[PDB]
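J.:
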Amino acid sequence: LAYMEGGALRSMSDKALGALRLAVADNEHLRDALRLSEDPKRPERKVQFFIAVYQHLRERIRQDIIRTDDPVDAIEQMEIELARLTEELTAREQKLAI
Amino acid sequence: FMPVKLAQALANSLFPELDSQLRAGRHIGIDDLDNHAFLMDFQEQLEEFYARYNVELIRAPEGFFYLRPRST
Amino acid sequence: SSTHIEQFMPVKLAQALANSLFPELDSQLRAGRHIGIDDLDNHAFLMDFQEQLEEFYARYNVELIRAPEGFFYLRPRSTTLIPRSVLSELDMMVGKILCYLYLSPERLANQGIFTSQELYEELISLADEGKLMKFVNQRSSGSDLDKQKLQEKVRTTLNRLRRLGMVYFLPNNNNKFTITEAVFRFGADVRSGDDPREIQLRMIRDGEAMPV
Amino acid sequence: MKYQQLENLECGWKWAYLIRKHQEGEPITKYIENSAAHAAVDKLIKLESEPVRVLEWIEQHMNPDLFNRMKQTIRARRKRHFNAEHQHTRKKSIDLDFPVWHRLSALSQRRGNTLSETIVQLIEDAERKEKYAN
Amino acid sequence: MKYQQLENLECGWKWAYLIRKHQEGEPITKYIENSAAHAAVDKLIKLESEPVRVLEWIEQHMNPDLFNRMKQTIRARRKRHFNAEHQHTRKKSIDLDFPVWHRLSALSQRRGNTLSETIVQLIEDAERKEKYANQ
Amino acid sequence: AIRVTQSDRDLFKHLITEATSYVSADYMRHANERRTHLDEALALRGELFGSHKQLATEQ
DNA sequence: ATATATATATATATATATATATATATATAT
DNA sequence: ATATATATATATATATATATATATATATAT
DNA sequence: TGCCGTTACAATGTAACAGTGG
DNA sequence: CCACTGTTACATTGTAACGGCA
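Residue numbers (the deposited numbering), protein chains in the order written: chain A, 1138 to 1235; chain B, 9 to 80; chain C, 2 to 213; chain D, 1 to 134; chain E, 1 to 135; chain F, 248 to 306.
(1) Taking the beta strand (DSSP E) that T116/C falls in, what are its first and last residues?
(2) For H35/C, count neighbouring C-beta atoms within 10 Å of its own C-beta (all shown protein chains included) and say buried if the count is 16 or more, exposed if not.
(3) Per DSSP, what kind of secondary structure is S116/E in: helix, strand or coil?
(4) Under the rule that 16 or more other beta-carbon atoms within 10 Å means buried, what is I58/D, buried or exposed?
(5) In the DSSP output, which residue or residues are listed as bridge partners for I32/E?
(6) Counting Cβ pairs closer than 8 Å, one from the segment 100-108 of chain C and one from the segment 116-129 of chain C, do we hit at least three?
(7) Can you have a look at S116/E and say buried or exposed, based on whether 16 or more other CB atoms are within 10 angstroms of its CB?
(8) With H, G and I counted as helix, E and B as strand and the rest as coil, what does DSSP make of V213/C?
(9) Check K13/C in the structure and name its three-state DSSP category.
(10) DSSP three-state call for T179/C: helix, strand or coil?
(11) Drop a sphere of 10 angstroms on the beta-carbon of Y1140/A, count the other beta-carbons inside from all chains shown, and report buried for 16 or more, exposed for fewer.
(12) Give the residues of chain F in contact with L1219/A, contact being defined as C-beta atoms less than 9 Å apart.
(13) In terms of DSSP beta bridges, what is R76/C paired with?
(14) In the DSSP assignment, the beta strand (DSSP E) including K92/E goes from what residue to what residue?
(15) What would DSSP say about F50/C, mapped onto helix, strand or coil?
(16) With respect to the alpha helix (DSSP H) encompassing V168/C, which residues constitute its N-terminal and C-terminal limits?
(17) Mind checking which residues open and close the alpha helix (DSSP H) that includes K71/E?
(18) Taking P24/B as part of the alpha helix (DSSP H), name the residues at either end of that continuous run.
(19) Does the beta carbon of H61/D come closer than 8 Å to any beta carbon on chain C?
(20) Under a CB-based cut-off of 8 Å, is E1224/A close to chain F?
(21) Quick one: which chain E residues come within Cβ less than 8 Å of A1162/A?
(22) How do the segment 115-135 of chain E and the segment 103-123 of chain D stand: do at least 3 beta-carbon pairs fall below 8 Å, yes or no?
(23) Taking only the alpha-carbon atoms, compute the straight-line gap between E52/C and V63/B and give it to the nearest angstrom.
(24) Does DSSP put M62/D in a helix, a strand or coil?
(25) Mind checking who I36/B pairs with in its DSSP beta bridge?
(26) So if I threshold CB-CB distances at 7 Å, which residues from the segment 79-102 of chain E count as touching chain A?
(27) Could you name the residues of the same chain whose beta carbon sits closer than 8 Å to that of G37/C, not counting the 5 residues immediately before and after it, in chain order?
(28) So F9/C contacts chain D; which residues on that side make the cut at Cβ distance below 7 Å?
(29) Name the residues in the segment 273-290 of chain F whose C-beta lies less than 9 Å from a C-beta of chain A; which are they?
(30) Could you spell out the range, first to last residue, of the alpha helix (DSSP H) harbouring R1199/A?
(31) What does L30/B reach in chain C if we use C-beta pairs closer than 7 Å?
(32) So if I threshold CB-CB distances at 9 Å, which residues from the segment 59-74 of chain B count as touching chain C?
(33) Could you have a look at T252/F and say whether DSSP puts it in helix, strand or coil?
(34) Check the Cβ of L104/E against every Cβ in chain D and list those closer than 8 Å, keeping chain order.
(35) Can you name the residues of chain D whose CB is closer than 8 Å to the CB of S3/C?
(36) Between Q51/B and chain C, is there a C-beta pair that is closer than 8 Å?
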């Protein structure tokens, strides 16, 4: 983004906020943090909210094997489990048919 | 949801002791002023609450309350 | 506003108490029944409203407790509004044996289905035969009548444990059963790697285990 | 005490302030448990049209940490309510660009005067300079 | 237009404005019937997390009175939000006694300049006296 | 199991990407604005410092 | 060794909600 | 001036959920 | 000290004027 | 013309910090 200009970055942040509004409606405190992140006098709030998101995804880890607490890291393990479950599902469907 | 007055009856701080004594079969008469008044006030809802347990909350003609278990 | 549930009770607690499963589950819990993964409906119900039900039961001065193995139960406090009771020493012995069988790979062929005969054989294998019989009868010296008496006592304790949810009889057979993870509580004195005399003190302080 | 205090007025002020704070999400009551807080707020809501009982409600259930803020808010409300009767006692609110305000506040802090006094002095000096030239 | 218009921000501003007005008791709806007004307000409330639909809700149930106030308040909010970035573009709020403000406003209307400009001229004359004293 | 794991993975991916796109943009804008403001500031600093000595000795 | 208490399952009757088919009066095409 | 289609009311009977009573197994305690 | 007036702000809402481009 | 935008001058309410006074 270092090449971009102020307007482009502002518009991109606006779009991302629009997405986060839907992605956050379920949560209460994280939604409140997102709302507080709108102040222009205190930009640091943004980063705080970011941390909150991670601090949320950290607790959403399911089982001990998925405890690559870095959320960007657990995605690969989740996809691996999806592939394993796909093959298992094919086997189970075969079994049920017979 | 739940009936509002039933929730009020359940939340009352007297409910735990009275509930334990009822489920133990104890009979609550006029002597127990607080318990008797509570049952008087909230019978219409505690009868349903204890019917959910296949038990009947019965007020005798003399006045005392008790729980009568059904077959189920 | 008035005529509003939040005045008296949390919405989720009211929903839990209004659920069709609540009354039977509550009666079973107060009766002393442990809840394991096998009771899918009841276990899931407890999982969903664990905190609401815990705070509800706190009003009776009793803790709804989930052991790390994942089975819920009730531990009354010294000021319990719901009475409290302690298992017999024979019950502790049989529960420890059941936990052993749960963890024992030798019995893998059984696939979890066990008969009282196997339980008694394992009990005598791991325990002191005549000295264990001593509790069954003070004047036993290996008499086969006392042997049958000990077998009957073990059967009765097994039935009692079934009542506590530690064991399930098979849908049609009362002479065979399947063990449940609740039995792990019988090993709570050894799950921590410390001095036994200190872990025992910790447990008795926590209310887990009174002495005899 | 400069302004006489009227109970049926200040109590309505307090009720309105507490209702506003509750609608804003502020915790009005001292009860952490949500049930008691909701019950107390309902008592307050149905408590409208009552000074002698809103005072007791504040004494009994009011959040301890909001007492000072409410007291100073009522102080300001009383002063403004009594001063708004006459034109000369009213206050005119304006917005000043940050550099201008910075310079004006610098002067006011330097001379120990208030903004009103500083502006009065500045206008008077401007008039005196005009008379000197004229 | 000097200030960039951001849709996903102004929509939220408008929704918050509608909700504040309603909870203050004003009739944001154009409906005189109680039932339709209540339904429209409930739908607006549902629209909390979808600011985009707030424009359509405005065009569908907004009271015709409030368009001017709407276009005023959000315009002013945009100006203030973009000015808050830097101190030198911010505004400072002060209260003035009636006599002082009366004299100042009369002077400004005489010179045909804004209040900040008049204060600048006054403080600049005082600072000119100070400068010539210093030299 | 497949449904739940897929839902959780999609939620994770969406939240992560949206939060990063929301924050990093303003972060980089702030960095660029700060650099530009410093570059502008140096010129005023230099000119003020020159005028300072100029008028210090002119008197 | 056997009386007794307890839990479970089945048969049986009650009471209520609901869909079906018919009868009756009116509306509207023939 | 007529006969068919509609809407209304009614009885029929169909099914479910409940509550009761009886039989059974069987686990306890003297 | 605690109440009570007073000041200097902050945040938001509005009316009125001035600009700008379609 | 007409609409939309930027700006100024208020109002309205709340709050924190001083300083006077019993």
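Cβ atoms here follow ideal geometry from the backbone N, Cα and C, with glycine treated the same way.
T.: Checking against the coordinates, here is how it stands:
(1) 114-116
(2) buried
(3) helix
(4) buried
(5) Its beta-bridge partners do not exist; DSSP assigns none.
(6) yes
(7) buried
(8) coil
(9) helix
(10) strand
(11) exposed
(12) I249, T252, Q253, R256
(13) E64/C
(14) 91-97
(15) coil
(16) From DSSP, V168/C is part of no alpha helix (DSSP H) but of the beta strand (DSSP E) over 168-170.
(17) 67-83
(18) 23-31
(19) no
(20) no
(21) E48, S49
(22) yes
(23) 28 Å
(24) strand
(25) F73/B
(26) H81, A84, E85
(27) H44, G71, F72, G166, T181, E182, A183
(28) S35
(29) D273, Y274, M275, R276, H277, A278, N279, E280
(30) From DSSP, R1199/A is part of no alpha helix (DSSP H); its letter is neither H nor E.
(31) None at all; the shortest Cβ gap to chain C is about 12 Å.
(32) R60, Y61, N62
(33) helix
(34) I119, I123
(35) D42, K46
(36) no
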